[PDB]
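Okay, so here's the structure we're looking at.
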Amino acid sequence: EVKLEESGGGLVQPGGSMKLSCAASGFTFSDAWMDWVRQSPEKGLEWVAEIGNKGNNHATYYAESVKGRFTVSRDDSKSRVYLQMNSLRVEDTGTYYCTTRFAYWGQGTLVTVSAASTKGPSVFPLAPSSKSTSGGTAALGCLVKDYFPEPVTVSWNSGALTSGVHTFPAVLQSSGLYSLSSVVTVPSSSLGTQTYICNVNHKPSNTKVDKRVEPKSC
Amino acid sequence: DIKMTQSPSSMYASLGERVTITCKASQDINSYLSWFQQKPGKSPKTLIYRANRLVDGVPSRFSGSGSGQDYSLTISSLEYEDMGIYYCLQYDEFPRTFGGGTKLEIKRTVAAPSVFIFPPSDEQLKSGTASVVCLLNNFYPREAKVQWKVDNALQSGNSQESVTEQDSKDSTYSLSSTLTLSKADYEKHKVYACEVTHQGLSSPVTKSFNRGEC
């Protein structure tokens with residue numbers, strides 16, 4: 001089976017440098033052309049660089065946007081392709097994928113080019129309403145506020161609760177920090193008996209939070 | 001650069017229906033065209049290469065056709081798992097260039113949202129900001145209007161919305177709207193209300209709370 005796995009991304013300041021790496025297996029690497037492609041909500045999918053196989057002398061090709069700043073290279077003995085990015089710009093932000101000339105793709109590595117500092121989130125309860133319809137359905141959740149960079153993941157009850165869960169896409173606030181919410185609907189009857197915990201992970205800040213959400217006392 | 005233009009930008013289809021989407025290049029690309037499917041948060045999956053060659057591991061219901069500047073992807077009979085965004089790519093020349101995507105979603109019955117309002121937590125207020133959240137749960141179609149009022153004053157410009165996608169468990173949408181106020185402003189007002197308009201509702205639904213009551 002063909003496998004590709006990118007690494008090296010993260011937060012970096014404008015003008016800075018970052019090297020991405022892609023580990024490949026499941027095919028004869030030296031015979032494969034390789035590419036880097038990036039994706040952003042802004043610009044969609046953009047081809048970045050291409051590097052030839054050994055028969056084509058590892059010839060390199062670049063998007064004009066990155067020419068002179070980015071360098072694609074490979075180590076056939078290691079089955080690795082690399083992307084060295086210098087003089088990084090805010091608009092270089094995106095998910096970077098390595099691909100076998102567009103046949104197979106890795107999972108991607110997120111590159112955030114920003115002058116802003118890493119910040120872990122605060123987690124606040126979205127407490128079930130005291131007017132939750134008797135015998136009906138209640139909603140509860142957690143608000144994951146003010147983090148940078150992306151991403152954040154959320155689970156409920158350590159993965160034991162998945163039904164009725166909606167975890168919303170993050171929104172970029174005017175402050176430049178992200179926020180997201182996760183909610184779950186449950187039987188009103190269960191609010192007095194069951195415990196609900198949202199598990200929040202912000203790996204960029206090494207921040208994990210387990211927030212128990214319960215009805216507000218009165 | 002060769003411009004790749006996809007049509008439609010987005011569409012809905014019912015389970016089992018035939019789907020055809022198109023990709024037009026600004027010049028002849030000699031069938032050096034690939035198609036991909038992408039689901040949220042996941043990498044692209046190649047479906048078709050060289051305009052009409054199916055990739056190994058892709059269902060036979062997918063096919064590609066076309067020549068010159070004009071190409072098409074057909075799903076002979078849509079399956080639920082075919083929701084996602086579809087892209088084309090030319091590799092006749094450098095730079096390689098991608099289309100802007102076609103979003104494909106599944107048709108289903110109208111569903112009105114259930115609506116919930118959440119006051120800011122006491123924990124958050126300790127820090128000088130108040131977030132008020134309105135949840136619209138499990139509605140279809142996606143069009144919906146959320147109106148915030150604070151003591152009957154319409155709030156404009158101080159809220160942000162986020163919406164879920166259809167997925168393996170849900171063919172409806174859910175939406176959160178978050179109203180941001182300073183603590184000082186929050187504590188000067190009493191009635192917090194979110195009003196929801198959706199075609200599945202006979203009339204708009206309002207959920208509200210009074211600050212400092214249960």
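Naming works like this for the structure tokens: A, B, ... for the chains as they're shown, residue 1 at the start of each chain, ligands 1 onward in shown order.
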| request: Could you please select, counting only C-alpha atoms, the residues of chain B within 7 Å of chain A and state them as a count of residues only? | output: 17
| query | Please, which residues of region 11-214 of chain B, numbered as in this document, come out alpha helix (DSSP H) from DSSP, as a VMD selection string? | reply | chain B and resid 122 to 125 183 to 186
| message | Among region 2-214 of chain B, which residues does DSSP mark as strand (DSSP E or B) when it is run on the backbone? Keep the chain and numbering as in the structure and answer as a ChimeraX atom specification. | response | /B:4-7,10-13,19-25,33-38,45-49,53-54,62-67,70-75,84-90,97-98,102-106,111,114-118,129-140,145-150,153-155,159-163,173-182,191-197,205-210
| request: Please measure the separation of CA of residue 7 (chain B) and CA of residue 91 (chain A), giving the value in Å to one decimal. | output: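 Taking CA of residue 7 (chain B) as the start and CA of residue 91 (chain A) as the end point, the length is 26.7 Å.
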| With only C-alpha atoms as the atoms that count, which of B:140, B:186, B:35, B:94 lies nearest to residue 119 (chain B)? | B:186
| What lies within 9 Å of residue 87 (chain A) using only C-alpha atoms, ignoring chain neighbours under 2 positions off, as an NGL selection string? | :A and (14-17 or 69-70 or 85 or 89)
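Distance-wise, CA of residue 159 (chain A) and CA of residue 213 (chain A) end up 15.6 Å apart.
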Quick one: residues within 9 Å of residue 12 (chain B), only C-alpha atoms counted, chain neighbours fewer than 3 positions away excluded, as a compact mmCIF listing (two decimals) with N, CA and C atoms, in the first residue's frame?
# COMPACT_ATOMS: atom_id res chain seq x y z
N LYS B 103 -19.13 21.52 -4.99
CA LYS B 103 -19.64 20.90 -3.77
C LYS B 103 -20.89 20.08 -4.07
N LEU B 104 -20.91 18.83 -3.62
CA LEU B 104 -22.02 17.91 -3.85
C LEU B 104 -22.60 17.50 -2.50
N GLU B 105 -23.89 17.74 -2.32
CA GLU B 105 -24.60 17.42 -1.09
C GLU B 105 -25.83 16.58 -1.43
N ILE B 106 -26.39 15.95 -0.41
CA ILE B 106 -27.48 15.00 -0.58
C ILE B 106 -28.80 15.67 -0.22
N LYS B 107 -29.79 15.49 -1.08
CA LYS B 107 -31.14 15.97 -0.84
C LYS B 107 -31.86 15.13 0.21
| For CA of residue 61 (chain B) and CA of residue 100 (chain A), the interatomic separation in Å (one decimal) |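 One can read the CA of residue 61 (chain B) to CA of residue 100 (chain A) distance as 24.3 Å.
Closest to residue 131 (chain B) among A:29, A:142, A:81, A:22 is A:142, based on only C-alpha atoms.
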| query | Near region 200-208 of chain B, within 7 Å and counting only C-alpha atoms, which residues show up once chain neighbours fewer than 4 positions away are dropped, as a list in words? | reply |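 Skipping anything fewer than 4 positions along the chain leaves residues 110, 111, 112, 115, 116, 117, 191, 192, 193, 194, 195 and 196 of chain B.
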| task | Pick out the residues sitting within 8 Å of residue 33 (chain B), and hand them over as an NGL selection string; count only C-alpha atoms, and ignore anything fewer than 6 positions along from it in its own chain. | result | :B and (49-51 or 88-92)
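Comparing the minimum interatomic distances between residue 55 (chain B) and each of B:34, B:20, B:178, B:197, counting only C-alpha atoms, we find that B:34 sits nearest.
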